[PDB]
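Report on one structure; see the data block that follows.
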Amino acid sequence: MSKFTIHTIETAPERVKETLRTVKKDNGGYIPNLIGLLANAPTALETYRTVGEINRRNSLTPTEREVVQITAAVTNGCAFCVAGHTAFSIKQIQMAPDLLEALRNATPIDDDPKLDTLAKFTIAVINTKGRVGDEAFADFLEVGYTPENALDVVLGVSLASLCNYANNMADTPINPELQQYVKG
Amino acid sequence: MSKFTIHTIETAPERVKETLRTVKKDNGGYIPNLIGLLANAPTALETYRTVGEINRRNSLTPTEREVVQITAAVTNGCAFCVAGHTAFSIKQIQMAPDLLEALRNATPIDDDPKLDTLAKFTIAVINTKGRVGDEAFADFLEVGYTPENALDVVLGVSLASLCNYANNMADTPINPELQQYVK
Ligand SMILES: [Cl-]
Ligand SMILES: [Cl-]
């Protein structure tokens, strides 16, 4: 049936057991199946953790980083990550429900032109593989983003590809603790 | 006018100056323009270097990792990265000419069924955002790769998207020092 084993602490390769233990604690007692999946390839698990940590340090706000991640997961057609990021945006960030709804639905953010442009720029980045074009780039800057922010969106898109494509490949089952955030 | 400044050591953000110094030395006295572009966003430059170092110790061989990078740069239409990885493959792997020519055009690899499937798998990942299908996934295992290798290909694709998409957006000028390798 499954292409991949979703690893537990018990079955994961020794050198990632300590990381899965950390993940489980940090998540209040469960391992999101994305991590259990990436445990199959410790360099892929390592990349996902490490880039996550670099990305937090980037030129975007934590809300803007979630704008990038949710929009990418929706554009990439990845249910697991739409659910995972929704849960993070609610519990970690307490994102306004209207912002969250818009991002999940890939529809306009009416309250905040800045974030709405960022969302739309992320879609264009993904579909064009970065060749967004003169007009899309100029609209990105007009609302106050910079060339640095542009490359930090690419960074988020790059991170989104690792987890969205991996979950797309595995058809990763959605943990019971994420099931309520599933799109829909 | 260009959308991005290509940074020098002098113009870069303070916290990446040392990275640029190290890059310049490693390349014998020049900075590849991707690096001067990424310098605009220190975290994107740092991700590119960090993930490169992780990818180069993954479950694929050095040849297989370049199969993935070049195939991805061709598929993503990124001219800079094709030249950058052709350079690395010639210098640092001594890749056979038939292999290198086939990667650079995404034409089949006739001498090597295993690398031909890897190359095809990579294209499928990129064109299907990972939904490569049961049959493409089975051909991948039957050739000798593992589920682990498959996620390490996704890893390579993700790293390629960072540099390919950035270079695509900037239309990064190709350094004179890389020109011999273009096309
Ligand atoms: Cl467990
Ligand atoms: Cl310089």
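The way I read the labels, and the way they are meant: chains A, B, ... in the order of the structure tokens, residue 1 as the first residue of every chain, and ligand 1 as the first ligand shown, with later ones counted on from there.
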
Cut-off 10 Å, only C-alpha atoms and all ligand atoms, neighbours of ligand 1 as a ChimeraX atom specification: /A:7-12,17,20-21,23-24,29-31,36

Expected answer as a PyMOL selection string: residues within 12 Å of ligand 2, only C-alpha atoms and all ligand atoms: chain B and resi 6-12+16-25+27+29-33+35-36+39

Save the residues we just selected, N, CA, C and O atoms, as an mmCIF file, in the first residue's frame?
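This is the output file selection01.cif:
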```cif
data_model
loop_
_atom_site.group_PDB
_atom_site.id
_atom_site.type_symbol
_atom_site.label_atom_id
_atom_site.label_comp_id
_atom_site.auth_asym_id
_atom_site.auth_seq_id
_atom_site.Cartn_x
_atom_site.Cartn_y
_atom_site.Cartn_z
ATOM 1 N N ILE B 6 24.076 42.843 -7.864
ATOM 2 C CA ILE B 6 24.924 41.692 -7.679
ATOM 3 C C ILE B 6 26.011 42.147 -6.671
ATOM 4 O O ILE B 6 26.816 43.022 -6.981
ATOM 5 N N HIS B 7 26.020 41.611 -5.450
ATOM 6 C CA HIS B 7 26.930 42.196 -4.457
ATOM 7 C C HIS B 7 28.422 41.858 -4.613
ATOM 8 O O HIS B 7 28.770 40.759 -5.000
ATOM 9 N N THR B 8 29.284 42.808 -4.279
ATOM 10 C CA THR B 8 30.689 42.513 -4.048
ATOM 11 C C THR B 8 30.931 42.427 -2.563
ATOM 12 O O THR B 8 30.049 42.745 -1.757
ATOM 13 N N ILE B 9 32.126 42.001 -2.175
ATOM 14 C CA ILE B 9 32.455 42.025 -0.773
ATOM 15 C C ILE B 9 32.167 43.410 -0.173
ATOM 16 O O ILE B 9 31.571 43.519 0.895
ATOM 17 N N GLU B 10 32.585 44.453 -0.881
ATOM 18 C CA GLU B 10 32.483 45.824 -0.390
ATOM 19 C C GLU B 10 31.025 46.265 -0.165
ATOM 20 O O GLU B 10 30.723 46.956 0.807
ATOM 21 N N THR B 11 30.122 45.869 -1.057
ATOM 22 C CA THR B 11 28.743 46.365 -0.990
ATOM 23 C C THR B 11 27.811 45.457 -0.212
ATOM 24 O O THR B 11 26.694 45.842 0.088
ATOM 25 N N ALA B 12 28.253 44.248 0.121
ATOM 26 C CA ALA B 12 27.343 43.291 0.724
ATOM 27 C C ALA B 12 27.004 43.668 2.141
ATOM 28 O O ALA B 12 27.702 44.442 2.774
ATOM 29 N N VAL B 16 27.408 38.970 5.744
ATOM 30 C CA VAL B 16 27.760 37.965 4.725
ATOM 31 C C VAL B 16 29.093 38.230 4.036
ATOM 32 O O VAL B 16 29.499 37.457 3.180
ATOM 33 N N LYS B 17 29.764 39.327 4.385
ATOM 34 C CA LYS B 17 31.058 39.641 3.787
ATOM 35 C C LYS B 17 32.035 38.475 3.887
ATOM 36 O O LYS B 17 32.750 38.177 2.913
ATOM 37 N N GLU B 18 32.049 37.790 5.020
ATOM 38 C CA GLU B 18 33.058 36.752 5.207
ATOM 39 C C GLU B 18 32.728 35.556 4.298
ATOM 40 O O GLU B 18 33.631 34.906 3.763
ATOM 41 N N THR B 19 31.442 35.279 4.145
ATOM 42 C CA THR B 19 30.967 34.193 3.278
ATOM 43 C C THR B 19 31.466 34.473 1.845
ATOM 44 O O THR B 19 32.017 33.587 1.212
ATOM 45 N N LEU B 20 31.318 35.718 1.373
ATOM 46 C CA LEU B 20 31.796 36.109 0.055
ATOM 47 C C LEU B 20 33.314 35.969 -0.077
ATOM 48 O O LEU B 20 33.798 35.571 -1.146
ATOM 49 N N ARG B 21 34.059 36.318 0.976
ATOM 50 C CA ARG B 21 35.511 36.134 0.964
ATOM 51 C C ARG B 21 35.849 34.657 0.784
ATOM 52 O O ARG B 21 36.701 34.300 -0.017
ATOM 53 N N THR B 22 35.206 33.806 1.569
ATOM 54 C CA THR B 22 35.414 32.370 1.450
ATOM 55 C C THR B 22 35.018 31.875 0.052
ATOM 56 O O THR B 22 35.742 31.065 -0.561
ATOM 57 N N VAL B 23 33.882 32.349 -0.467
ATOM 58 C CA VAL B 23 33.489 31.902 -1.808
ATOM 59 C C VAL B 23 34.540 32.308 -2.867
ATOM 60 O O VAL B 23 34.902 31.520 -3.760
ATOM 61 N N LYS B 24 35.039 33.536 -2.767
ATOM 62 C CA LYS B 24 35.964 34.052 -3.772
ATOM 63 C C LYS B 24 37.231 33.175 -3.808
ATOM 64 O O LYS B 24 37.729 32.835 -4.891
ATOM 65 N N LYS B 25 37.735 32.812 -2.620
ATOM 66 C CA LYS B 25 38.953 31.998 -2.499
ATOM 67 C C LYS B 25 38.698 30.610 -3.031
ATOM 68 O O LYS B 25 39.515 30.067 -3.740
ATOM 69 N N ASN B 27 36.851 29.702 -5.291
ATOM 70 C CA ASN B 27 36.747 29.717 -6.772
ATOM 71 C C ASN B 27 37.974 30.325 -7.443
ATOM 72 O O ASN B 27 37.942 30.659 -8.611
ATOM 73 N N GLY B 29 39.437 33.372 -7.001
ATOM 74 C CA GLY B 29 39.522 34.804 -7.256
ATOM 75 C C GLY B 29 38.272 35.436 -7.889
ATOM 76 O O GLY B 29 38.311 36.592 -8.305
ATOM 77 N N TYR B 30 37.161 34.701 -7.952
ATOM 78 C CA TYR B 30 35.879 35.294 -8.379
ATOM 79 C C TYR B 30 34.722 34.713 -7.580
ATOM 80 O O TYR B 30 34.808 33.616 -7.002
ATOM 81 N N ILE B 31 33.646 35.477 -7.544
ATOM 82 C CA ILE B 31 32.408 35.088 -6.895
ATOM 83 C C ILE B 31 31.302 34.739 -7.927
ATOM 84 O O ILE B 31 30.871 35.591 -8.688
ATOM 85 N N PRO B 32 30.846 33.484 -7.968
ATOM 86 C CA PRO B 32 29.756 33.233 -8.943
ATOM 87 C C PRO B 32 28.533 34.148 -8.674
ATOM 88 O O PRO B 32 28.158 34.397 -7.517
ATOM 89 N N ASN B 33 27.946 34.677 -9.738
ATOM 90 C CA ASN B 33 26.900 35.684 -9.605
ATOM 91 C C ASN B 33 25.690 35.255 -8.802
ATOM 92 O O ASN B 33 25.037 36.089 -8.201
ATOM 93 N N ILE B 35 25.929 33.838 -6.036
ATOM 94 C CA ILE B 35 26.280 34.179 -4.647
ATOM 95 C C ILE B 35 26.151 35.678 -4.463
ATOM 96 O O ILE B 35 25.647 36.129 -3.457
ATOM 97 N N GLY B 36 26.581 36.458 -5.441
ATOM 98 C CA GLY B 36 26.473 37.898 -5.306
ATOM 99 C C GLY B 36 25.006 38.340 -5.294
ATOM 100 O O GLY B 36 24.697 39.385 -4.713
ATOM 101 N N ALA B 39 23.443 37.238 -1.785
ATOM 102 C CA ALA B 39 23.892 38.142 -0.730
ATOM 103 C C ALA B 39 22.834 39.179 -0.346
ATOM 104 O O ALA B 39 22.888 39.694 0.754
#
```

Spatial neighbours of residue 147 (chain A), max dist 12 Å, only C-alpha atoms, sep filter under 4 positions, as a ChimeraX atom specification: /A:59-60,137-142,151-154 /B:2-6,37-42,44,166,169-170

Exercise answer, chain B residues close to chain A, 7 Å and only C-alpha atoms, as a list in words: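 Result: residues 4, 40, 41, 43, 44, 47, 51, 54, 55, 58, 76, 129, 130, 131, 132, 147, 148, 151, 152, 154, 155, 158, 159, 161, 162, 165, 166, 168 and 169 of chain B.
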
Contacts of residue 103 (chain B) at 7 Å (only C-alpha atoms; same-chain gap of 3+ positions) as a PyMOL selection string: chain B and resi 67+70-71+99-100+106-107

Helix (DSSP H, G or I) residues, from DSSP on the backbone, in region 3-75 of chain A, as a ChimeraX atom specification: /A:14-26,33-38,42-56,62-75

Deliver the residues from the most recent selection as a file, using N, CA and C atoms, as a short mmCIF file (atom, residue, chain, number, x, y, z; two decimals), in the first residue's frame.
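Wrote part.cif, looks like this:
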```
data_model
loop_
_atom_site.label_atom_id
_atom_site.label_comp_id
_atom_site.auth_asym_id
_atom_site.auth_seq_id
_atom_site.Cartn_x
_atom_site.Cartn_y
_atom_site.Cartn_z
N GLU A 14 18.93 5.40 14.01
CA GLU A 14 19.51 5.85 15.26
C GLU A 14 19.83 7.32 15.25
N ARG A 15 20.44 7.83 14.19
CA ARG A 15 20.94 9.21 14.28
C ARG A 15 19.87 10.28 14.24
N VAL A 16 18.61 9.90 14.06
CA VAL A 16 17.51 10.87 14.12
C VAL A 16 16.56 10.60 15.30
N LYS A 17 16.83 9.56 16.08
CA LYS A 17 15.93 9.26 17.19
C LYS A 17 15.84 10.45 18.13
N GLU A 18 16.95 11.12 18.37
CA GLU A 18 16.96 12.15 19.39
C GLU A 18 16.15 13.36 18.90
N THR A 19 16.12 13.55 17.59
CA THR A 19 15.37 14.62 16.94
C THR A 19 13.87 14.33 16.93
N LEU A 20 13.50 13.09 16.64
CA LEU A 20 12.11 12.72 16.74
C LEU A 20 11.61 12.86 18.19
N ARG A 21 12.46 12.58 19.21
CA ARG A 21 12.02 12.69 20.61
C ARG A 21 11.71 14.15 20.92
N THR A 22 12.58 15.04 20.42
CA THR A 22 12.46 16.49 20.58
C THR A 22 11.18 16.99 19.91
N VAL A 23 10.97 16.58 18.66
CA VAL A 23 9.75 16.94 17.92
C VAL A 23 8.46 16.56 18.68
N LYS A 24 8.43 15.34 19.20
CA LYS A 24 7.27 14.84 19.88
C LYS A 24 6.97 15.70 21.13
N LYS A 25 8.00 16.05 21.91
CA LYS A 25 7.81 16.90 23.08
C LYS A 25 7.33 18.28 22.67
N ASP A 26 8.05 18.89 21.75
CA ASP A 26 7.69 20.21 21.24
C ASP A 26 6.25 20.27 20.71
N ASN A 33 3.14 13.60 10.80
CA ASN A 33 3.58 12.50 9.94
C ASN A 33 4.55 12.92 8.87
N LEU A 34 4.63 14.22 8.59
CA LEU A 34 5.68 14.76 7.75
C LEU A 34 7.11 14.44 8.28
N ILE A 35 7.31 14.58 9.59
CA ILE A 35 8.59 14.30 10.21
C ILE A 35 8.84 12.80 10.22
N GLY A 36 7.81 12.05 10.56
CA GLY A 36 7.90 10.61 10.53
C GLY A 36 8.26 10.11 9.16
N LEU A 37 7.77 10.80 8.12
CA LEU A 37 8.13 10.49 6.73
C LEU A 37 9.59 10.86 6.38
N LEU A 38 9.99 12.08 6.72
CA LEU A 38 11.33 12.52 6.38
C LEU A 38 12.41 11.75 7.19
N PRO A 42 17.54 10.91 6.59
CA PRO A 42 18.01 11.85 7.60
C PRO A 42 18.52 13.16 7.03
N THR A 43 19.24 13.17 5.90
CA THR A 43 19.58 14.44 5.29
C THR A 43 18.36 15.27 4.89
N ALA A 44 17.26 14.60 4.50
CA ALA A 44 16.05 15.37 4.12
C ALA A 44 15.35 15.93 5.37
N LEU A 45 15.24 15.11 6.42
CA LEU A 45 14.81 15.60 7.74
C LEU A 45 15.66 16.75 8.27
N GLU A 46 16.99 16.62 8.16
CA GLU A 46 17.91 17.65 8.61
C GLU A 46 17.71 18.96 7.85
N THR A 47 17.58 18.85 6.55
CA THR A 47 17.35 20.04 5.73
C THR A 47 16.06 20.75 6.15
N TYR A 48 15.03 19.97 6.37
CA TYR A 48 13.75 20.56 6.65
C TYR A 48 13.81 21.31 8.00
N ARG A 49 14.36 20.66 9.01
CA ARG A 49 14.59 21.33 10.31
C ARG A 49 15.50 22.55 10.22
N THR A 50 16.67 22.38 9.60
CA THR A 50 17.63 23.47 9.49
C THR A 50 17.11 24.68 8.68
N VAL A 51 16.53 24.43 7.50
CA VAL A 51 15.99 25.55 6.70
C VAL A 51 14.85 26.25 7.47
N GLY A 52 14.04 25.47 8.18
CA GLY A 52 12.99 26.05 9.02
C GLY A 52 13.57 27.09 9.97
N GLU A 53 14.69 26.72 10.58
CA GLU A 53 15.39 27.59 11.52
C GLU A 53 16.03 28.80 10.83
N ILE A 54 16.64 28.62 9.66
CA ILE A 54 17.13 29.78 8.91
C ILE A 54 16.03 30.74 8.48
N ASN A 55 14.97 30.16 7.94
CA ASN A 55 13.81 30.92 7.51
C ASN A 55 13.23 31.83 8.62
N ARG A 56 13.05 31.32 9.84
CA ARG A 56 12.64 32.21 10.96
C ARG A 56 13.50 33.46 11.11
N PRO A 62 6.97 36.86 11.18
CA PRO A 62 6.39 35.51 11.33
C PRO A 62 5.04 35.36 10.57
N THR A 63 4.19 36.40 10.53
CA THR A 63 2.89 36.30 9.83
C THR A 63 3.15 36.15 8.31
N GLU A 64 3.98 37.03 7.77
CA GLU A 64 4.38 36.94 6.36
C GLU A 64 4.99 35.59 6.02
N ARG A 65 5.79 35.02 6.91
CA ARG A 65 6.31 33.69 6.60
C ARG A 65 5.19 32.66 6.46
N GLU A 66 4.16 32.77 7.29
CA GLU A 66 3.00 31.88 7.17
C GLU A 66 2.18 32.18 5.93
N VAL A 67 2.07 33.45 5.55
CA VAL A 67 1.47 33.80 4.27
C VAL A 67 2.13 33.02 3.12
N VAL A 68 3.47 33.01 3.09
CA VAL A 68 4.20 32.28 2.07
C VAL A 68 3.88 30.79 2.17
N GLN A 69 4.01 30.22 3.37
CA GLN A 69 3.87 28.76 3.51
C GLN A 69 2.46 28.22 3.18
N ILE A 70 1.43 28.90 3.67
CA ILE A 70 0.05 28.46 3.40
C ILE A 70 -0.25 28.60 1.91
N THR A 71 0.08 29.75 1.34
CA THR A 71 -0.18 29.95 -0.09
C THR A 71 0.57 28.91 -0.93
N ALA A 72 1.80 28.56 -0.54
CA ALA A 72 2.55 27.57 -1.32
C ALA A 72 1.92 26.20 -1.21
N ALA A 73 1.60 25.78 0.01
CA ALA A 73 0.90 24.50 0.20
C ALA A 73 -0.45 24.41 -0.59
N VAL A 74 -1.20 25.50 -0.65
CA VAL A 74 -2.45 25.52 -1.44
C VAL A 74 -2.13 25.44 -2.94
N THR A 75 -1.20 26.28 -3.41
CA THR A 75 -0.80 26.25 -4.82
C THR A 75 -0.15 24.91 -5.20
#
```

Shell around residue 119 (chain B) at 10 Å using only C-alpha atoms, local window under 2 positions removed, as a list in words: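 So the residues in contact are residues 64, 66, 67, 68, 69, 70, 71, 72, 102, 103, 106, 107, 108, 109, 113, 114, 115, 116, 117, 121, 122, 123, 124 and 153 of chain B.
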
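Note that CA of residue 108 (chain A) and CA of residue 171 (chain B) are 29.2 Å apart.
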